[PDB]
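Protein sequence lines, in the order shown, are assigned to chains BE, BF, AF, CF, BD, BC, CC, CD and AC. Per the deposited numbering, residue 2 is the first one in the first sequence, and the count goes up by one each step. Per the deposited numbering, residue 1135 is the first one in the second sequence, and the count goes up by one each step. Per the deposited numbering, residue 1135 is the first one in the third sequence, and the count goes up by one each step. Per the deposited numbering, residue 1135 is the first one in the fourth sequence, and the count goes up by one each step. Per the deposited numbering, residue 1 is the first one in the fifth sequence, and the count goes up by one each step. Per the deposited numbering, residue 1 is the first one in the sixth sequence, and the count goes up by one each step. Per the deposited numbering, residue 1 is the first one in the seventh sequence, and the count goes up by one each step. Per the deposited numbering, residue 1 is the first one in the eighth sequence, and the count goes up by one each step. Per the deposited numbering, residue 1 is the first one in the ninth sequence, and the count goes up by one each step. Backbone N, C-alpha and C fix where the C-beta goes; we use that ideal spot for every residue, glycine too.
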Amino acid sequence: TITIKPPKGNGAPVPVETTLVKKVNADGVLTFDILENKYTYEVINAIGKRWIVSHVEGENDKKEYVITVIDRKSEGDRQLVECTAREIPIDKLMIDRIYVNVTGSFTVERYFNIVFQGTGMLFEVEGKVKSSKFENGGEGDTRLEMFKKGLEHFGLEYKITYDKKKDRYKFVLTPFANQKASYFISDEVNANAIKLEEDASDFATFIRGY
Amino acid sequence: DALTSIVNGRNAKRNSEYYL
Amino acid sequence: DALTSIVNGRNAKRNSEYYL
Amino acid sequence: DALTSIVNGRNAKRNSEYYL
Amino acid sequence: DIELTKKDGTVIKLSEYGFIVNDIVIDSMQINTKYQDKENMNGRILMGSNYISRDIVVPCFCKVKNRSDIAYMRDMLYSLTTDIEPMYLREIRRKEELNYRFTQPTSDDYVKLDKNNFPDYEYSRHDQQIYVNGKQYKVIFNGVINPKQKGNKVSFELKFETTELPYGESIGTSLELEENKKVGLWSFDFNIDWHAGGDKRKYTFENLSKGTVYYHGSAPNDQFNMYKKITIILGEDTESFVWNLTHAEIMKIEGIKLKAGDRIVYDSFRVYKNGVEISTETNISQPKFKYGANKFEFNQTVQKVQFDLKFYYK
Amino acid sequence: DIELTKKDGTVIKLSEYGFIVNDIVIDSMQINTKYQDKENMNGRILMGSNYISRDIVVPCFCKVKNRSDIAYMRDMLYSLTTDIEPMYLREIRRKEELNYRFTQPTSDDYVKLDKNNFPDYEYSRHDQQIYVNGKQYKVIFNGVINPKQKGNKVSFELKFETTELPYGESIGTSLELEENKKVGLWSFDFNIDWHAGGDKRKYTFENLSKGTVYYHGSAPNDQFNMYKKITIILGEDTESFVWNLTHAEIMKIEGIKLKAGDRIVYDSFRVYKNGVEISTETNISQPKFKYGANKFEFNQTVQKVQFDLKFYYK
Amino acid sequence: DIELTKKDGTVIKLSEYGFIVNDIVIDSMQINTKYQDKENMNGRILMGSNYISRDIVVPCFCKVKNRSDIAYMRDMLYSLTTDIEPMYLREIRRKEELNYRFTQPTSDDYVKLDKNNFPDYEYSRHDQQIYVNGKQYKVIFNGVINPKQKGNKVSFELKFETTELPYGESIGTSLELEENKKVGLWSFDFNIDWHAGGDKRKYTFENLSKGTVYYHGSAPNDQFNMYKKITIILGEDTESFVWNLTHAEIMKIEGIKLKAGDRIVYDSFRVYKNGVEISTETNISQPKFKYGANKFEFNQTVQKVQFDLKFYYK
Amino acid sequence: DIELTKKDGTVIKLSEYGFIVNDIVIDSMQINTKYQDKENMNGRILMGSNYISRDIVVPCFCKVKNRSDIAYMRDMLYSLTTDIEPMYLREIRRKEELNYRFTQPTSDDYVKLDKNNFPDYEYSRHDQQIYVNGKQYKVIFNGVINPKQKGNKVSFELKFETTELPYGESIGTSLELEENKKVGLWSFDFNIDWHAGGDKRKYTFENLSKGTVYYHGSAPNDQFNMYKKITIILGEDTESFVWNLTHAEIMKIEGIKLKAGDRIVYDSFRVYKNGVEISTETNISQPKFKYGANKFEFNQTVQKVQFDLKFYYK
Amino acid sequence: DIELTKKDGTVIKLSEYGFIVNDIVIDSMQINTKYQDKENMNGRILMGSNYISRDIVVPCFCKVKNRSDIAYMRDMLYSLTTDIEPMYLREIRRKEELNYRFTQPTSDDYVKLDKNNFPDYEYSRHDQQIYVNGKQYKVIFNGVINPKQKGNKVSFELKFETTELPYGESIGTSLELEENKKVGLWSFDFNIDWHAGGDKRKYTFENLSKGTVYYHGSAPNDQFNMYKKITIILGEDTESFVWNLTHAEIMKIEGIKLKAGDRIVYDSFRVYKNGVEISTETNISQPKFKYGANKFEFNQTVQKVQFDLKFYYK
């Protein structure tokens, strides 16, 4: 069901209930709970963290994630493994830092190219976007949070994709990332419990700017 | 009394992978 | 697991009108 | 609704002797 | 009415141990449903429905020659039955409500008595009981009380329960069906043709792109815990290897290169490329035999296929 | 008293399988309410009220010729009935409590006996049972125990339950009502006029801005899970297309341009613009047939409307 | 039918205290299961299964000569039985339903009467009751009510319960089996050979790398709370010391240097290197005797092994 | 059968108030256990076990001369019994099921009738009932309903319950045992020797390093709520003062200097150095009398020890 | 057997309305306890214990002349009784089970019949029923069902319940006891001396530092909801004003200056300094009359005290 492999080499499947979560720009994450069995024994007693999970959603959606948390509980004469995991197109960014302090004016392609140095992944902007200046680089910081700042300045949203090619992850940067979807919803047909919340405690009609 | 721990534990779980 | 959400939701409610 | 108070109360208890 | 138990390392039957039984009653499988009710719609969606557990009940009593011995006998029962160790239960019935036969009251042809003080109606060899069916059940015990009616008679109420899968696991593989070596273990509950070597008995084919299988089991062998186990001599070299099947999903093995004479052991959700060093990354999909015709279709005329499995019932 | 079951791929009836039944009792639908009590007001608001489930019960027993066979028979029952697979149940009744008829005790005109040792009161063709009604039920099984009364008689207590929607789905569409081709499947429970081609049978109209429909089903076909399916040849070109309906909501199709000869397949909450490539963004509203007169009103005289649906009952 | 109780500091039996009993019924052990249901799989995993408690029940009544005395007698019962103090219960039975014997109505051979107004059927020494089995139970009391039927007869319903471990602790060690000094405490429930000094009685071996043990107890002595206690004169000097065992785990003692004549007392999960100053850091693993053959294998021919233990039953 | 109640400020008995009773039944003490189950071990640890509550039940009915009076009588019952005020209950029994005696129907020796219309079988002084035992119970009431059977007879079902400690507090101290002044309050339930001034009656010793005590109470006086109260004239000056005791813990008084003629009142978990101004910092340990021999050992030959206590029962 | 109800604005009695009753049964007061169990101590602390509710039950049936009228009668019952409006219930009994008296069958002295078809046994004025006691109950209704036995007889089962305080509020104040003006409302359940103007009737004293009060109510008037109301002409000027009382607490009025002729109305937990403009800051303490002697002690010889209150019962 779920093909997991060490960071070096071969795969091994396990059946387990999964709980995935995906946001637009924020990190996706999943969680699941393996249990000891006559099966799964060779794996469960031999998982070390940063085990590489993949083949969620079957023989498709080969979005390879990595485990970082590992719980191990004892239930009866058996044992559970709750665990968590994160994307490689995000973790692989949390891998590397930049020490050269980016500073001054910066066009978007230059900025999101210096940060994709050695990672191998690829970025591209769709529409024309302006440029601004970044005051202090994150010399002691991830590529990820500088990516956050860059999105906050220039590309207000993004969307990753595992392109057809191996070891590639195209970052379509875009303001207000969207694609049309043929499906739909309604209270009768697909929407059990509609909680509409309208929060306005920090809201505005006119506003000043300097 | 028994209850604070479960919620705080799930909270600390959620502290993993909440941030870009 | 089910429980963290209700408390955190009421907490965010309380974040409205707590301050002079 | 009933529940927020017990957790927050235990939390304030824990605020006693948490720090060196 | 003996309630045979095959444990991991032994075989036991109660009536051998002075333990008559009143009857055996086997519940069906507790169907756990998973419905979801839409908020304002006169109808609720089926998320799922699923078998869970086949709770058995067996009340057994026992007579002894003296009141003290009750204790011993009872302890034996517990030490003999109450086993968390997953056991294999086999049910037994009689073919007839046997009576005492005619005799002659001429100081001869007197009646017999069992080790227990009862009248032996079982005069001939062909009187005693039989394994009513060629199946078993993976079973565990639940709590009992022992009311002592008068004398040396005491009753017990065993409450057994299924262990792993709520099904009537058929004993013996499908190859013992193929090779008529082992005798027993094949009851008429399974509608099995006598034409050994004919169709709907054979699970050993040669030099075929596509072939036919009759899964005699009413319940479907989709669950991996069942002992569905295939092994194929691939016949022809290739780089990829697909095989399709009905009442199941498609299966691929892509990305690894094979050879003709190399054999694949295709266990449940598991693939031995050559018997060891499992190469199971390719299209994790497990096959499913439902009942009757389960037609398969390979793609390059394997020189051998053969597969043993176990029949499961509901 | 046969309890017919149409499963996905087969048809079964118990009394064919030596399984008499005592009766069938069908509960009504469990109304789940949704009330809300105001704090200090002598009365509670109705948020909602909604049908949920139609639990069926059927106790069936069986006789056989010998005690062993009980086991086989019981297993057959389980393998034949206990199916998470959503089945379609059809009820059967008799028209009369049949007796044995007069005969002659003159070494002739002797009595018959069924395959089971019972007296065949069904002398003529017109004796045996009937599909009492032209409807079915989407049904799943729940747990059974099998008390064995004496001899070869054993009882069972089937507890069936509705699957998706707690309603009496009528078998056969409304077009089989239109074209009197299929025979059966139309019982007098449905107050249906004989005037085929007349009003209140027809669901195939031509060249009309507005027309009339008689939904013979007491229960309302507002739920999408029901097989309400419309198809219309629009008759006249337009840029927008509204049609109204009573006992339901208004429907628009705005923002997409159409043509006259183009046809719309209007499935439940779904719109095929031309049979494929569904263009269902426009005014997601589903139509609702309640009972009797369901008058529709188009706006530009469609050259054809026709729609098949299924009648549902409570 | 006396319900003996050995408390910490005394021995008591009810019928000595004017307290007849109707019977004793001993439940089996409440098996607490630990299952886990997979979400959409027709079968649930066994995390564990485990014995918990062996609830005993004993209804006892009492007659006295006058109505007042009831009170005293009742209080005695409470003061005599209801003890949170973990007691050791021993069951008693009779060997026969005794009757009054033939006599002679010739102003002689009259009948006797007990201290309580009952007929003494126990004429000879060999009439009275017996410790039916050589085992006990660690037991505590639970709530009782005292309905007073007429006269001086009043009933009570004692509900005892196991204390630590739900098992039939065998009284007396295995060395009393070795040295046939203590008499009693060995019932035929334990299938024990008479060949004292022969195999399957001996737990005192000399000068052996490997040897054989017959654990007569059906229940397994894996739990540490049981009085499994080994002591070995190691025979040969070494730096490390491994010994293996079947129906159990491997045991090492590495990292501490020993000598030949030095002795190890190997208590449950505990190691006295030389009787005191426990050196129990090395491979914390406790041995487990299941039943029958429990073969051990040392590695350097210990000059002495001997070990006493207690037999436990289910 | 009177159910005496001593309240804080008065004494009451029901049958004085026209309130016959059917019986009194006294439950034992509800043992609350505190077990802990280890996760995968066939046995559960005893954290503790503890007596809680001794629920009494007393059904009492009443007859009156007229239907109205019922009301009054009932109210009296409530006003007389239902008291949250912790009361001291004393049970009463009869010594005999009394009958009417022989008389003479000669217009003489007629029969008597009580204030209630019943036949006075209690002819002589020695007929009426007795305090069956020299103990009481600290008791509170729980809810009652009053079904009125016919006429003037109405029943009630009192459900009393222990207040502080689930025990049979013995009335009167142990000094009234010493000085045979108060009469009554000493029943044969307590196995008490007549040798007043002899051993096992005396709790007043002089000039001894060590001495002997017989605590006649089956239940142990470890709980402080019991009225265990010691007072000692220390005999010899010292700086520290230790005294040991069996079925209890060691006691020290260190860090405070004393004198010989000074006296210590050693109340439960409390120490008056000289009757007031409690100096109880030194080794807070309370003594515990279990049953029978409770040997104490002082260290410097106190010139006087004497201690009163209360006997408690289970 | 009439079940009088005084509602806010009217008086009703059932038997006036053709509504016979079978009986009235009045439960005692549900004692809600508040215990706390110490963790390892054989005894549990009483935090509190408290009366809650006095649930009344009254089954009443009714006969009418025709079947239709049942409906009307039933509705009347509901409209007459089921009132959330806190009502005051008064119980009624008979003094005798009345029979028909002797008559003469001489075409004269025939028997009477009530408005309902029953025999009037109530020949004389002194036959009919009576307010059995001079008290009431603050009461509310709970759900009823109406089984119709045959004919015109139908039964009902009223389940009444106390409203505010679970007590038998005595009707009429204590001043109507003082001034023997109102007649009725004083039953012998209250042990009241005839010596009007004598002690234990008077609640109107003059020129006294200390005086005596007999609270005839068994239940204690500590609760403020009861109509305990005092009024005192203070007699002597002062700056502070203390008065003590037994079975209650001390009371001060400090910090406010008073005068002699000024009067204080001392209502429950409330102080009118001069009838209005309540000055109730000083020592908020409410007085409590328990039963019998409630001695008060003022400090400066008030020229008048008098206080009305209501007697409450349990």
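Indicate the three-state DSSP secondary structure (helix, strand or coil) for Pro90 of chain BE in the structure shown. Here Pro90 of chain BE sits in helix by DSSP.
Using only the alpha-carbon positions, how far apart do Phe269 of chain BC and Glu91 of chain BD sit? Going from the Cα of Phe269 of chain BC to the Cα of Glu91 of chain BD covers about 53 Å.
Alpha helix (DSSP H) segments (min. 4 residues) lying fully within the stretch 53–84 of chain CC: 69–81
Excluding the 5 residues flanking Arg101 of chain AC on each side, which residues of the same chain have their C-beta closer than 8 Å to its C-beta? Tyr121 and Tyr123
Measure from the C-beta of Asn1149 of chain BF to each C-beta in chain AF and report whether the shortest distance is under 8 Å. no
DSSP three-state call for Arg144 of chain BE: helix, strand or coil? helix
Using 10 angstroms around the beta-carbon of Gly210 of chain BE, count the other beta-carbons present and answer buried if the total reaches 16, otherwise exposed. Burial call: exposed.
At 4 residues or longer, and completely inside the stretch 36–63 of chain BE: list those alpha helix (DSSP H) runs for me, N to C. 42–45
If we define contact as Cβ-Cβ less than 8 Å, is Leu158 of chain CD a contact residue for chain CC? no
Cβ pair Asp308 of chain CD, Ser174 of chain CD closer than 8 Å: yes
Of the residues BC:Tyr88, BC:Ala248, BC:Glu254 and BC:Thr238, which one's Cα is nearest the Cα of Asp222 of chain BC? BC:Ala248
From BE:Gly141, BE:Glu140, BE:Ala178 and BE:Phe117, pick the residue whose C-alpha is nearest to that of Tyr170 of chain BE; which is it? Considering only alpha carbons, the answer is BE:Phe117.
Boundaries of the beta strand (DSSP E) in which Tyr88 of chain CD is found, first to last residue: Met87 to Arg90
On the criterion of 16 or more Cβ atoms from any shown chain inside 10 Å, does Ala219 of chain AC qualify as buried, or is it exposed? buried
Using a Cβ-Cβ cut-off of 8 Å, state whether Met29 of chain CC counts as contacting chain BE. Not an interface residue.
Count the other CB atoms, across all protein chains shown, that sit within 10 Å of the CB of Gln128 of chain BC; report buried if there are 16 or more and exposed otherwise. exposed
To the nearest whole angstrom, what separates the beta carbons of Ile31 of chain AC and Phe61 of chain CD, a pair I think is in contact under 8 Å? Incorrect: roughly 22 Å between the Cβ atoms, too far for contact.
Going along the chain, which residues of the stretch 263–277 of chain BD sit with their C-beta nearer than 7 Å to a C-beta in chain BE? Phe269
In chain order, what are the residue ranges of uninterrupted alpha helix (DSSP H) at least 4 long that sit wholly in the stretch 149–235 of chain CD? 175–178
Under a CB-based cut-off of 8 Å, is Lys290 of chain AC close to chain CD? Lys290 of chain AC does not count as touching chain CD.
Counting only Cβ pairs nearer than 8 Å, list the residues of chain BD close to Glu60 of chain BE. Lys252, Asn283, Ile284 and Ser285
Could you run through the stretch 42–75 of chain CC and flag, in chain order, every residue whose CB is less than 9 Å away from some CB of chain BE? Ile45, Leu46, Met47, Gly48, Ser49 and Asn50
In three-state DSSP terms, what is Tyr51 of chain AC? strand
Contact check, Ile84 of chain BC vs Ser49 of chain BD, beta carbons under 8 Å: Less than 8 Å divides the Cβ of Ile84 of chain BC from the Cβ of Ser49 of chain BD.
So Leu185 of chain CD packs on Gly134 of chain CD, CB below 8 Å; how close in whole Å? 4 Å
Supposed contact pair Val11 of chain CC and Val58 of chain CC - C-beta distance, whole angstroms, cut 8 Å: The pair is not a contact, with the Cβ atoms about 17 Å apart (cut-off 8 Å).
Examine chain CC for any beta-carbon lying closer than 8 Å to the beta-carbon of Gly10 of chain BE, and answer yes or no. no
For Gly138 of chain BE and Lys166 of chain BE, I'd like the C-alpha separation in whole angstroms. 32 Å
Please confirm whether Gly292 of chain CC and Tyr215 of chain CC have their CB atoms less than 8 Å apart. yes
Rounded to whole angstroms, how far is the Cβ of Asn294 of chain BD from the Cβ of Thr246 of chain BD, which I believe are closer than 8 Å? In this structure, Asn294 of chain BD and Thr246 of chain BD form a Cβ contact; the two beta carbons are roughly 6 Å apart against a cut-off of 8 Å.
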